[PDB]
């Protein structure tokens, strides 16, 4: 068994501590808007797409979740009038998710607070050099994990 060295262990535990604490903190900061981070991430992905809409299978890939889990989540967001589903007449490759105007306005309301939170708890705490170096180091990890 190759136990972690002191240097490896420290890096691993710092990563894990930041991951856990940051996820909690960002969720906490969205709570007053009645949104989960999962909700917010869908709003962002849709708003950055042409026509504010995406094929469900492409949205599933972008949010790294199963067809069935995304479907449940979209039903929840539909019930909150944030998104709607649309049929495709021309093929059988599935439904589109589309942002509603209420979804758009919700995004526009929350985004400034979310960006301020991301900055105060993370981005503004990193030197530009460390940000770049972190990104170059972590990109291949994302790639490995996406493949896995």
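Positions refer to the first chain, counted from 1.
With 89-97 and 51-59 compared on mean CA B-factor from the PDB entry, the stretch scoring higher is 89-97. In this crystal structure, the stretch out of 12-20 and 131-139 whose C-alpha atoms carry the higher mean B factor is 131-139. The residue among 117, 106, 45, 65 whose C-alpha atom has the highest B-factor in the PDB entry is 65. Annotation for residue 28: C-alpha temperature factor in the highest third relative to the rest of the modelled chain, per the entry. Ranked within its chain, residue 123 lands in the lowest third, by CA B factor from the PDB record.
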